[PDB]
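Here you get one chain, nothing else, as structure tokens; it is the form deposited in one PDB entry.
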């Protein structure tokens, strides 16, 4: 759409867009197969894999960690080095706060980046490219994915048959109660419409959000809005994501 082109113009950015209405199979797409750094959006898919690997009771396993496991942003993990945290608590911290140390701890428990990639290939994701911890130039392929691949993989875990219903419920609930995305996809969606999302931010002004959006009534939409900019130290604007989401909803409604 020229509306997506206008936003790229307005915000001096590159936009990556894929949306799928699961009720009608109607699609919206702008650079849907273009690679962007996935940043923290990978945390959603990581918990997907963790849930697939553990019974719900297994999530109560206590993980002990050290101050050495702490990285750049540890909002929940910094508060519990002495007592440790359960896998369930770590998943909550990772998804709802984008706790980087929590993600690293979980990634360690599922066998590292190489193991995550293998499990993603197993669900049919041949594009998402986990390679390093955390993670996080143009245009290398690590650690990247596309808008299309991200909605496909998110839909697989949360809405389809890569997880049983009770584990599906956990993933969806954590993402519904995310604290980090109020100004992104949530801001571009109509009032009283449930949103489950996971945000991302990274170098080259990379600003991402992936989401499942429920109507009042009807089948959910799943959406990826990815973005990046020219310079390594470029700053992002959340409004780009919110506005892109409005454009997507208009083209679907």
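Positions refer to the first chain, counted from 1.
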Between residues given as residue 136 and residue 137, how many of the deposited sequence are not built: none, 1 to 3, 4 to 9, or 10 or more?
4 to 9
If you average the Cα B factors in the entry, which is higher, 91-99 or 78-86?
78-86
Give the stretch, out of 211-219 and 194-202, with the larger mean C-alpha temperature factor in the deposited entry.
211-219
Between 178, 104, 115, 144, where does the Cα B-factor run highest in the record?
115
Top Cα B factor in the deposited entry, candidates 28, 42, 224, 187
28
Against its chain's modelled residues, does residue 13's Cα B factor rank lowest, middle or highest third?
middle
Based on the deposited C-alpha B factors for this chain, I'd like to know if residue 131 is in the lowest, middle or highest third.
highest
Third assignment of residue 241 from its chain's C-alpha B-factors
lowest
Quick tally, chain-level thirds of C-alpha B-factors: residue 148 sits in the lowest
Taking the C-alpha B-factors as the PDB entry records them, is residue 167 in the lowest, middle or highest third of its chain?
middle
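Not on display, but discussed next: the form deposited with a partner chain bound.
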With its partner chain left out here, work out from 63-71, 197-205, 40-48, 223-231 which stretch has heavy atoms within 4.5 Å of it in the deposited bound form.
63-71
So, residue 91 and its partner chain: in the deposited bound form, are they within 4.5 Å at any heavy atom pair?
no
Within 4.5 Å, heavy atoms only: does residue 163 come near its partner chain in the deposited bound form?
no
Answer yes if any heavy atom of residue 105 is within 4.5 Å of a heavy atom of its partner chain in the deposited bound form; otherwise answer no.
yes
With the cut-off set at 4.5 Å between non-hydrogen atoms, does residue 136 touch its partner chain in the deposited bound form?
yes
